[PDB]
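Look below for two forms of one protein chain, each set out as structure tokens: first structure 1, then structure 2.
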Structure 1
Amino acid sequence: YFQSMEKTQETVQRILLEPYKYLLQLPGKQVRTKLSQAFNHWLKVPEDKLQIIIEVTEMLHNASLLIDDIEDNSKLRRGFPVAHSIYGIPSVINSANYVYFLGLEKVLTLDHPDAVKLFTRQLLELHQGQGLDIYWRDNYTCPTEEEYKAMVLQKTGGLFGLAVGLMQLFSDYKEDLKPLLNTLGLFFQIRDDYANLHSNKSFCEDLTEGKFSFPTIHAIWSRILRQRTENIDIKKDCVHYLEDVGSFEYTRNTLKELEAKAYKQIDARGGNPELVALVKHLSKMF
């Protein structure tokens, strides 16, 4: 009886997923699933399949935030400590990477040859995104609004696209959604950026949790050479300086613009009341 194996197997799986679970236990998953279902209104995909897609998509999302936190050197997330301050860097890297490959295992269960091709590209896309973020930081600068957007579409907005890409593989709906997907990607991220600041006498780096954020970008470019982001970064009571230059204003407008661009591109794809409810629910904070 070598049950000492089974024990160490059961043990290691638990540990491997603890950082991942510390992040799932924050508020979140609720909305990213009202989304899938909504899109399925066009793509009419079987239920077993949609669940697997949603799980995979949620797996990558969370594992990526674990890493973003380490890379941006964040102290908090949604008010709590970041996972690596509690579990340590090693264990968190190990956990996030382990989840990516479990995401892979899981994609395989879809049992459709293009699924891995699609997964693989997204994962490469995502890391390139992280790369950009570290690049701007190594050069003591800050992206433009246009460059920020592009980074979002690659990172943790890009991921919808995988979700809907994989769904499409199981649908006869073959009209092109990439456009509407970009639009929602930017809309979710920027909403979030907005929400998180519009939320001490705190400085800007501290509120953004060391992350590039739409309102703080715009503010930095708005009063060849690099950007000297230290003034809008260590500017006391940010949630004012940001009222002052009017970035909260600009952002609200930017979101209103995208809200509307969505409703346009949605009608172009036939209409989808399920999703329009979801947009208008989501708009109500501006």
Structure 2
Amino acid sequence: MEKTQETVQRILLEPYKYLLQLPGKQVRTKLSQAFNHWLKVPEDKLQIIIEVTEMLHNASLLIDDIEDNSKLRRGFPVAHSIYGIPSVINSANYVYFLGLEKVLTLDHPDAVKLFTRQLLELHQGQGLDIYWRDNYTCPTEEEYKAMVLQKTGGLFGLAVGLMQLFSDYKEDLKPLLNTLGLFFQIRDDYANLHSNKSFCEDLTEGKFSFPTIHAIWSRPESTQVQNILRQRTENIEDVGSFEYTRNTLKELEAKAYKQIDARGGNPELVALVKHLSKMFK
């Protein structure tokens, strides 16, 4: 049972390990560690939380790449181009439940409730993202943000919320988490599209991210075009798109620094935000 449980687990995890070994930032690791400046979670619990968070993050990327027909991830072919969609779905989903299993080792009665809630949020966000893309209905800036706070902030919320289960630190971290979730997402959007080639391809495909959203709604005919496209569904700043994105990022950065200062400072979190902000300067 040891030798072949281990073979099975290794087989099932192959697509996931492919992605995990690619060069990446582990921002969720770094964020959680920086947040522990406030929360003072014991190392053993923190390690579990970080593992859960990174597991779910990587698994969700496998799924994301299938859901939007991406070709590359972290510079390399997406897992499903190598292993097939079937094995990748299975692998990513297996990791979700291995994440659940690991949450149970936290031995806290609220942990599973929080994990369930955050996974449901994540799927709501993802599901909207997909729906818009499939119907070519470009979200507004505000719709995009709300979706991102579910799809991206869902996991940030899980890490910090699980930490809060093991901490007497009671300050409201939700505003800062919202800022950070938007910041990270929009920064990714910017990093992916700033060098026309990916940008134009996105527009062709109906792949919506912060720069293309700005570009689409910038044209006056946008409203009437988008309204025709939204009738098919259950759907309700004169500057360049990259400049607008850079400006949004600078605002989000400044806001983060304000919110960190409002919580008494956090040099490690500040240094992380500053490093990540080089991307758009």
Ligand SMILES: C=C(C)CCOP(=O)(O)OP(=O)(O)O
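Only residues modelled in both forms are compared. Rigid core here is just the name for the largest C-alpha set that superposes within 1.5 Å across the two forms. For residue numbers, the reference is structure 1: its sequence is counted from 1.
For the form solved without the ligand, the corresponding chain is the one labelled structure 1. Once the two forms are fitted on their rigid core, between structure 1 and structure 2 the CA displacement reaches 2 Å or more only for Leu207 among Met167, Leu110, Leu207, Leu186. Core-superposed comparison between structure 1 and structure 2: CA of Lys44 displaced by less than 2 Å. Annotation for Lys261: C-alpha shift under 2 angstroms between structure 1 and structure 2, rigid core superposed. Once both forms are fitted on their core, the CA shift for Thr120 between structure 1 and structure 2 remains under 2 Å.
Comparison between structure 1 and structure 2 places the CA of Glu55 0.4 angstrom away from its other position, after core fitting. Taking the core as reference, the C-alpha deviation of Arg137 between structure 1 and structure 2 is 2.6 Å. In sequence order, the regions between structure 1 and structure 2 where at least three consecutive C-alphas each move 2 angstroms or more after rigid core superposition are 5-11, 29-32, 137-140, 156-158, 200-212, 224-232, 243-245.
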